[PDB]
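Structure record follows, encoded as structure tokens.
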Amino acid sequence: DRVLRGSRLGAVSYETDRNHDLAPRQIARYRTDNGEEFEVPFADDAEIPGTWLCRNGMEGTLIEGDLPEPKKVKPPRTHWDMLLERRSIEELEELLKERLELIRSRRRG
Amino acid sequence: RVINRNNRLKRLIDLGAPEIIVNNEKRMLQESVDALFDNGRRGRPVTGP
Amino acid sequence: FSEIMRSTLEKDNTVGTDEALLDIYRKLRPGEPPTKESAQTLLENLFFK
Amino acid sequence: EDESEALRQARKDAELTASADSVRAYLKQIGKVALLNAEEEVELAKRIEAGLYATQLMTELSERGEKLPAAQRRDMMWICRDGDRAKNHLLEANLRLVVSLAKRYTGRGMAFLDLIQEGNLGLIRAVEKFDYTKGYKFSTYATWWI
Amino acid sequence: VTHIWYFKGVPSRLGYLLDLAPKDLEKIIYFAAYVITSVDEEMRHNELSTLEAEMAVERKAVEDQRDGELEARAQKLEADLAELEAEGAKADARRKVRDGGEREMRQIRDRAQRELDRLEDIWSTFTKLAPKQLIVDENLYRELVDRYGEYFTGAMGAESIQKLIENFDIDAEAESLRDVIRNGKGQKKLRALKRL
Amino acid sequence: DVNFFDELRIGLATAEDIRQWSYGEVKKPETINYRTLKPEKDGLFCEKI
């Protein structure tokens, strides 16, 4: 029916491809844990982030030793959490004693 | 398919899974990469709709 | 009368109907544990059921 | 004919085949370990919860804690490993339940082995959050998570 | 994960590089069979004697079980005597229990003989264990690992193939192939060219 | 690729070549947000990568 024609989801602009002056810009250095260095050109008036997902793909921090204490979140839910929220300590300790005397009565008779 | 099977393998190794499930997942990862590089080479060609 | 039929009957190298049925199943279920009730029925499956 | 050795030797030689269908290879893999019953499930779940309490208590007494007795430390690590053995054993036991539930969702959307593996991950979640004191067969509670 | 072009397309290149058959390499990289990637030499060279001593201890304990079987069914067979030749009965029905316990010992010595053959097989495999070998039959590999867990490393799949490519001198292997084409003949020389 | 050529040297690539070719690490099986029709982050079409 129609048509065929299609478009990539994005605009194609055309201006002057000038090279003589630009907006001036800095170069920051981020570092992964495993000794990898990466340089990222940020603009001048730009709040440079402390951590940055690098070209390698693992999370990389900045080479300046500030360490802004990101306060990493809790472990989500463990099997200990799903067990503890449906039982109690004296019951689990009772079962622990039962298996303890079970391996005892197995072993030495 | 490759990204799904790789992420599933990564969560299985992180979670702690028995050996059957992990080796099945690695065989699925192998067959996914094999279909990526050459579908229809080894075994049944991966069909679409 | 058939000389080829009596020749292959002498070169049958297997006696026992179920002894032929198991060969049978091995060649047609390569990768399956055989049993007597399966090869009794699976030959009846392909041509008669 | 149970014996003699030929009718079983054919079975053993048919067990070592290629079977390039990974689906059929996985089914031949999971048909090995045997299906269980209710008292066995109670025993397994008690072993699992005991081992989880054992490793929690060992982590608690490890921090700032105890020069443990040798017997008590040795067999509480025995409990810690035996719980994981019981966990993996129950997972292997109910793999076939996973396949029997995921067999009806094929034919659309995804492949078959992806559905099997996602059912397996749900089965891991179910064996984590299974309770036995309500006194039910395991398949009833695990079917929801699968 | 192995690349498919160096594995599947005939002639296989992993196969010629590692001297493996494709029929058996497909069992490795598709997780169907184990492969031995390393083995200790001198530890096998002296604990071979210590473990064949342990094997003799184990098979003697097996025979302790087996003459327990012999003695127990001997006592039950003299009970068959004392309850078959001590009453009024038929001459063949008094010895159907004689044939019963003897058939029991025949199938029981078949049980003990087959498991002793299993132990003999696993001992022969641990003696002739070498890298680039394939241990099919999962049960044998599991028993072999958890009784002889030192002395070798052996894995399954593409990481094991990677480990083999790590532990592979190409130079001495190449010069061995140069020596085979220097001296060999026939099928060996043709395969030596096709791998060289 | 200005038109100055003397050779074209193929070679079997290594992993240190592959993760040096790349500009990112795709790690999600997503392409395009269904509602805004813009590419996902860390997907198969991410503008960062």
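Naming works like this for the structure tokens: A, B, ... for the chains as they're shown, residue 1 at the start of each chain, ligands 1 onward in shown order.
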
Give me the residues within 12 Å of residue 53 in chain A as a PDB file with C-alpha atoms, in the first residue's frame, counting only C-alpha atoms and dropping any in the same chain fewer than 6 places off.
ATOM      1  CA  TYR A  30      38.766   7.541  35.625  1.00  0.00           C
ATOM      2  CA  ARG A  31      40.193   4.280  36.877  1.00  0.00           C
ATOM      3  CA  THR A  32      38.670   0.838  37.309  1.00  0.00           C
ATOM      4  CA  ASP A  33      39.671  -1.543  40.065  1.00  0.00           C
ATOM      5  CA  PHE A  38      40.429   5.809  30.797  1.00  0.00           C
ATOM      6  CA  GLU A  39      40.315   9.434  29.713  1.00  0.00           C
ATOM      7  CA  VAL A  40      36.975  11.193  29.280  1.00  0.00           C
ATOM      8  CA  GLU A  59      32.339   0.703  37.331  1.00  0.00           C
ATOM      9  CA  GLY A  60      35.302   3.052  37.499  1.00  0.00           C
ATOM     10  CA  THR A  61      36.092   5.766  40.018  1.00  0.00           C
ATOM     11  CA  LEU A  62      38.035   8.943  39.476  1.00  0.00           C
TER      12      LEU A  62
ATOM     13  CA  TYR F  23      33.444   1.372  23.026  1.00  0.00           C
ATOM     14  CA  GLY F  24      31.157  -0.181  25.609  1.00  0.00           C
ATOM     15  CA  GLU F  25      29.743  -3.361  27.085  1.00  0.00           C
ATOM     16  CA  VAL F  26      26.198  -4.178  26.039  1.00  0.00           C
ATOM     17  CA  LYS F  41      20.595   2.445  28.106  1.00  0.00           C
ATOM     18  CA  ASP F  42      23.109  -0.445  28.025  1.00  0.00           C
ATOM     19  CA  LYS F  48      26.379   5.953  25.095  1.00  0.00           C
ATOM     20  CA  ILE F  49      27.862   2.769  23.675  1.00  0.00           C
TER      21      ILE F  49
END

**Message:** Taking only C-alpha atoms into account and nothing else, which residues of chain C lie no more than 9 Å away from chain D? Please answer as a ChimeraX atom specification.
**Reply:** /C:19,22-23,26,29-36

Same residues, N, CA and C atoms, output as an mmCIF file, in the first residue's frame:
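Output contents, as saved in again29.cif:
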data_model
loop_
_atom_site.group_PDB
_atom_site.id
_atom_site.type_symbol
_atom_site.label_atom_id
_atom_site.label_comp_id
_atom_site.auth_asym_id
_atom_site.auth_seq_id
_atom_site.Cartn_x
_atom_site.Cartn_y
_atom_site.Cartn_z
ATOM 1 N N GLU C 19 14.846 -60.823 19.674
ATOM 2 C CA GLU C 19 16.243 -60.512 19.407
ATOM 3 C C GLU C 19 16.392 -59.691 18.137
ATOM 4 N N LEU C 22 14.906 -55.982 19.270
ATOM 5 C CA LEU C 22 15.833 -55.096 19.966
ATOM 6 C C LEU C 22 16.823 -54.463 18.997
ATOM 7 N N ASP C 23 17.309 -55.219 18.031
ATOM 8 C CA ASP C 23 18.239 -54.631 17.090
ATOM 9 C C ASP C 23 17.478 -53.446 16.622
ATOM 10 N N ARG C 26 17.136 -50.494 18.561
ATOM 11 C CA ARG C 26 18.364 -49.749 18.739
ATOM 12 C C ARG C 26 18.633 -48.898 17.536
ATOM 13 N N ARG C 29 15.747 -45.765 17.706
ATOM 14 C CA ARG C 29 15.515 -45.116 18.969
ATOM 15 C C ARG C 29 16.866 -44.889 19.602
ATOM 16 N N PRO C 30 17.901 -44.732 18.769
ATOM 17 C CA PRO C 30 19.316 -44.616 19.077
ATOM 18 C C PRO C 30 19.368 -43.559 20.104
ATOM 19 N N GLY C 31 19.482 -43.960 21.352
ATOM 20 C CA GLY C 31 19.476 -42.957 22.391
ATOM 21 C C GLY C 31 18.262 -43.140 23.269
ATOM 22 N N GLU C 32 17.875 -44.396 23.475
ATOM 23 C CA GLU C 32 16.681 -44.701 24.213
ATOM 24 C C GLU C 32 16.884 -46.041 24.896
ATOM 25 N N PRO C 33 16.481 -46.184 26.155
ATOM 26 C CA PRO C 33 16.547 -47.491 26.804
ATOM 27 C C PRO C 33 15.477 -48.421 26.263
ATOM 28 N N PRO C 34 15.873 -49.551 25.692
ATOM 29 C CA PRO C 34 14.891 -50.466 25.117
ATOM 30 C C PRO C 34 14.235 -51.337 26.171
ATOM 31 N N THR C 35 13.001 -51.715 25.875
ATOM 32 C CA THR C 35 12.261 -52.694 26.647
ATOM 33 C C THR C 35 11.327 -53.427 25.697
ATOM 34 N N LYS C 36 10.851 -54.595 26.139
ATOM 35 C CA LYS C 36 10.157 -55.503 25.232
ATOM 36 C C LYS C 36 8.796 -54.966 24.826
#

**Counting only C-alpha atoms, the option among A:79, A:54, A:108, A:98 closest to chain B** = A:79

**Request:** Find the residues in chain A near chain F: any atom within 9 Å counts, using only C-alpha atoms. Write them as a list in words.
**Result:**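 The complete set of qualifying residues is residues 9, 10, 54, 55, 56, 57 and 58 of chain A.
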
**Message:** Nearest residue to residue 142 in chain E out of E:189, E:167, E:34, E:114, using only C-alpha atoms?
**Reply:** E:34

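The closest residue to residue 76 in chain E, picked from E:118, E:178, E:98, E:59 and counting only C-alpha atoms, is E:98.
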
List as CSV every residue of chain B that is in contact with chain E, defined as an atom at most 12 Å from one of its atoms (using only C-alpha atoms), together with the nearest atom pair and the distance in Å rounded to one decimal, sorted by chain and then rising number.
residue,atom,partner,partner_atom,distance
B:2,CA,E:1,CA,11.6
B:6,CA,E:1,CA,11.2
B:19,CA,E:31,CA,11.1
B:20,CA,E:31,CA,10.1
B:21,CA,E:31,CA,11.7
B:22,CA,E:31,CA,10.5
B:23,CA,E:31,CA,6.7
B:24,CA,E:31,CA,7.9
B:25,CA,E:31,CA,10.2
B:26,CA,E:31,CA,8.2
B:27,CA,E:30,CA,5.6
B:28,CA,E:30,CA,8.9
B:29,CA,E:1,CA,7.8
B:30,CA,E:1,CA,5.8
B:31,CA,E:30,CA,8.4
B:32,CA,E:1,CA,10.0
B:33,CA,E:1,CA,7.7
B:34,CA,E:4,CA,5.8
B:35,CA,E:4,CA,9.0
B:36,CA,E:4,CA,9.6
B:37,CA,E:4,CA,7.0
B:38,CA,E:4,CA,7.5
B:39,CA,E:4,CA,10.2
B:40,CA,E:4,CA,11.4
B:41,CA,E:8,CA,7.8
B:42,CA,E:8,CA,7.4
B:43,CA,E:8,CA,10.8

**Request:** For chain E, work out the contacting residues on chain F at 12 Å, counting only C-alpha atoms, and write them as number ranges by chain.
**Result:** F: 12-15

**Request:** Please report, as a list in words, each residue of chain A to which DSSP assigns alpha helix (DSSP H) when run on this structure's backbone.
**Result:** residues 79, 80, 81, 82, 83, 84, 89, 90, 91, 92, 93, 94, 95, 96, 97, 98, 99, 100, 101, 102, 103, 104, 105, 106 and 107 of chain A

**Request:** Could you list the residues in chain B lying within 12 Å of chain F, using only C-alpha atoms, and format the result as a PyMOL selection string?
**Result:** chain B and resi 1-8+10

**Request:** Taking the chain letters and numbering used in this document, name the residues of chain A that DSSP puts in strand (DSSP E), as a PyMOL selection string.
**Result:** chain A and resi 28-31+37-40+51-53+59-62

Write out as a PDB file with C-alpha atoms, in the first residue's frame each polymer residue whose atoms come within 10 Å of residue 20 in chain E, counting only C-alpha atoms; drop sequence neighbours fewer than 5 positions from it.
ATOM      1  CA  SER E  12      38.181 -29.554  12.174  1.00  0.00           C
ATOM      2  CA  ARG E  13      40.942 -27.291  13.401  1.00  0.00           C
ATOM      3  CA  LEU E  14      40.678 -27.818  17.144  1.00  0.00           C
ATOM      4  CA  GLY E  15      40.720 -31.500  16.260  1.00  0.00           C
ATOM      5  CA  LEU E  25      35.232 -33.348  20.649  1.00  0.00           C
ATOM      6  CA  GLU E  26      31.543 -32.583  20.230  1.00  0.00           C
ATOM      7  CA  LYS E 132      43.733 -35.435  26.211  1.00  0.00           C
ATOM      8  CA  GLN E 133      41.699 -38.436  27.395  1.00  0.00           C
ATOM      9  CA  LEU E 134      37.930 -38.672  27.642  1.00  0.00           C
TER      10      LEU E 134
END

Could you build a table of the residues in chain D lying no more than 9 Å from chain A, giving for each the nearest pair of atoms and their separation in Å rounded to one decimal place, using only C-alpha atoms, ordered by chain and ascending residue number, as JSON lines?
{"residue": "D:46", "atom": "CA", "partner": "A:95", "partner_atom": "CA", "distance": 7.4}
{"residue": "D:47", "atom": "CA", "partner": "A:99", "partner_atom": "CA", "distance": 7.8}
{"residue": "D:49", "atom": "CA", "partner": "A:92", "partner_atom": "CA", "distance": 7.4}
{"residue": "D:50", "atom": "CA", "partner": "A:96", "partner_atom": "CA", "distance": 5.4}
{"residue": "D:51", "atom": "CA", "partner": "A:96", "partner_atom": "CA", "distance": 8.0}
{"residue": "D:52", "atom": "CA", "partner": "A:80", "partner_atom": "CA", "distance": 6.8}
{"residue": "D:53", "atom": "CA", "partner": "A:92", "partner_atom": "CA", "distance": 6.5}
{"residue": "D:54", "atom": "CA", "partner": "A:96", "partner_atom": "CA", "distance": 7.0}
{"residue": "D:56", "atom": "CA", "partner": "A:80", "partner_atom": "CA", "distance": 7.6}
{"residue": "D:72", "atom": "CA", "partner": "A:100", "partner_atom": "CA", "distance": 8.5}
{"residue": "D:75", "atom": "CA", "partner": "A:100", "partner_atom": "CA", "distance": 7.5}
{"residue": "D:76", "atom": "CA", "partner": "A:100", "partner_atom": "CA", "distance": 7.6}
{"residue": "D:79", "atom": "CA", "partner": "A:99", "partner_atom": "CA", "distance": 7.7}
{"residue": "D:128", "atom": "CA", "partner": "A:79", "partner_atom": "CA", "distance": 5.9}
{"residue": "D:129", "atom": "CA", "partner": "A:82", "partner_atom": "CA", "distance": 6.0}
{"residue": "D:130", "atom": "CA", "partner": "A:83", "partner_atom": "CA", "distance": 8.8}
{"residue": "D:131", "atom": "CA", "partner": "A:86", "partner_atom": "CA", "distance": 8.3}

Would you mind exporting N, CA, C and O atoms of the selected residues as a JSON list (two decimals), in the first residue's frame?
[["chain", "number", "residue", "atom", "x", "y", "z"],
["D", 46, "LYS", "N", 14.25, -30.16, 56.82],
["D", 46, "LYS", "CA", 14.84, -30.01, 58.14],
["D", 46, "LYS", "C", 16.36, -29.94, 58.06],
["D", 46, "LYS", "O", 16.97, -29.11, 58.75],
["D", 47, "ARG", "N", 16.97, -30.76, 57.19],
["D", 47, "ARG", "CA", 18.42, -30.69, 57.00],
["D", 47, "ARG", "C", 18.86, -29.35, 56.43],
["D", 47, "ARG", "O", 19.86, -28.79, 56.88],
["D", 49, "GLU", "N", 17.24, -26.31, 56.60],
["D", 49, "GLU", "CA", 17.09, -25.23, 57.57],
["D", 49, "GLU", "C", 18.10, -25.36, 58.71],
["D", 49, "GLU", "O", 18.60, -24.34, 59.20],
["D", 50, "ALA", "N", 18.43, -26.59, 59.10],
["D", 50, "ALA", "CA", 19.45, -26.79, 60.12],
["D", 50, "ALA", "C", 20.81, -26.32, 59.63],
["D", 50, "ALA", "O", 21.54, -25.66, 60.38],
["D", 51, "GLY", "N", 21.15, -26.60, 58.37],
["D", 51, "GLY", "CA", 22.42, -26.15, 57.84],
["D", 51, "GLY", "C", 22.49, -24.65, 57.68],
["D", 51, "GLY", "O", 23.55, -24.04, 57.87],
["D", 52, "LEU", "N", 21.36, -24.02, 57.35],
["D", 52, "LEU", "CA", 21.34, -22.57, 57.23],
["D", 52, "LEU", "C", 21.49, -21.90, 58.59],
["D", 52, "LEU", "O", 22.22, -20.91, 58.73],
["D", 53, "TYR", "N", 20.85, -22.47, 59.61],
["D", 53, "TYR", "CA", 21.05, -21.95, 60.96],
["D", 53, "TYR", "C", 22.47, -22.21, 61.45],
["D", 53, "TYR", "O", 23.03, -21.38, 62.18],
["D", 54, "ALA", "N", 23.06, -23.32, 61.01],
["D", 54, "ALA", "CA", 24.43, -23.64, 61.39],
["D", 54, "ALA", "C", 25.42, -22.64, 60.80],
["D", 54, "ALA", "O", 26.31, -22.16, 61.50],
["D", 56, "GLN", "N", 24.72, -19.61, 59.77],
["D", 56, "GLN", "CA", 24.47, -18.31, 60.40],
["D", 56, "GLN", "C", 25.14, -18.23, 61.76],
["D", 56, "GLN", "O", 25.80, -17.23, 62.07],
["D", 72, "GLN", "N", 32.83, -30.09, 67.96],
["D", 72, "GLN", "CA", 31.67, -29.24, 67.71],
["D", 72, "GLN", "C", 31.83, -28.43, 66.43],
["D", 72, "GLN", "O", 30.91, -28.35, 65.62],
["D", 75, "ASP", "N", 31.73, -31.06, 63.28],
["D", 75, "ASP", "CA", 30.43, -31.52, 62.82],
["D", 75, "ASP", "C", 29.44, -30.38, 62.56],
["D", 75, "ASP", "O", 28.46, -30.59, 61.84],
["D", 76, "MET", "N", 29.69, -29.15, 63.05],
["D", 76, "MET", "CA", 28.81, -28.09, 62.59],
["D", 76, "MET", "C", 29.17, -27.66, 61.18],
["D", 76, "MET", "O", 28.28, -27.29, 60.41],
["D", 79, "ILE", "N", 27.33, -30.18, 59.19],
["D", 79, "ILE", "CA", 25.95, -29.77, 59.00],
["D", 79, "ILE", "C", 25.85, -28.69, 57.93],
["D", 79, "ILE", "O", 24.93, -28.70, 57.09],
["D", 128, "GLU", "N", 14.00, -22.17, 48.40],
["D", 128, "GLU", "CA", 14.40, -21.23, 49.44],
["D", 128, "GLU", "C", 13.23, -20.93, 50.37],
["D", 128, "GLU", "O", 13.36, -21.02, 51.59],
["D", 129, "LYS", "N", 12.07, -20.59, 49.80],
["D", 129, "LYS", "CA", 10.96, -20.13, 50.63],
["D", 129, "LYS", "C", 9.91, -21.23, 50.85],
["D", 129, "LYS", "O", 8.71, -20.96, 50.92],
["D", 130, "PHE", "N", 10.34, -22.48, 50.95],
["D", 130, "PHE", "CA", 9.41, -23.54, 51.28],
["D", 130, "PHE", "C", 9.31, -23.73, 52.78],
["D", 130, "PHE", "O", 10.32, -23.76, 53.49],
["D", 131, "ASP", "N", 8.08, -23.87, 53.26],
["D", 131, "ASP", "CA", 7.81, -24.28, 54.63],
["D", 131, "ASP", "C", 7.22, -25.68, 54.62],
["D", 131, "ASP", "O", 6.40, -26.01, 53.77]]

Find the spatial neighbours of residue 66 in chain E, counting only C-alpha atoms, within a cut-off of 10 Å - ignore same-chain residues fewer than 6 positions away - and output them as a tab-separated table (two decimals) with N, CA and C atoms, in the first residue's frame.
chain	number	residue	atom	x	y	z
E	59	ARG	N	39.41	-54.83	48.06
E	59	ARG	CA	38.88	-56.05	47.47
E	59	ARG	C	38.90	-57.20	48.47
E	60	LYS	N	39.80	-57.15	49.46
E	60	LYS	CA	39.73	-58.13	50.54
E	60	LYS	C	38.53	-57.87	51.44
E	72	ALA	N	26.54	-67.24	54.99
E	72	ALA	CA	25.15	-67.01	55.36
E	72	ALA	C	24.21	-67.89	54.55
E	105	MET	N	22.99	-67.65	45.12
E	105	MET	CA	24.44	-67.45	45.17
E	105	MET	C	25.03	-67.18	43.80
E	108	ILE	N	24.25	-63.63	43.17
E	108	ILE	CA	24.96	-62.82	44.15
E	108	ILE	C	26.45	-62.74	43.83
E	109	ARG	N	27.04	-63.86	43.39
E	109	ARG	CA	28.42	-63.79	42.93
E	109	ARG	C	28.51	-63.05	41.61
E	111	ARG	N	26.64	-60.31	41.21
E	111	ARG	CA	26.66	-58.95	41.77
E	111	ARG	C	28.07	-58.56	42.20
E	112	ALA	N	28.68	-59.41	43.03
E	112	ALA	CA	30.02	-59.13	43.54
E	112	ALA	C	31.05	-59.12	42.42
E	113	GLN	N	30.86	-59.97	41.41
E	113	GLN	CA	31.80	-60.03	40.30
E	113	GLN	C	31.70	-58.78	39.44

**Atom pair CA of residue 4 in chain D / CA of residue 18 in chain C: separation (Å)** =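 Between CA of residue 4 in chain D and CA of residue 18 in chain C the gap works out to 13.5 Å.
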
**Fill in**
Students should find that CA of residue 121 in chain D and CA of residue 11 in chain B are spaced 9.4 Å

**chain D residues near chain B (12 Å cut-off, only C-alpha atoms) as a PyMOL selection string** = chain D and resi 18-33+84-93+95+98+107-125+127-128

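As for CA of residue 15 in chain A and CA of residue 45 in chain F, they are spaced 25.1 Å apart.
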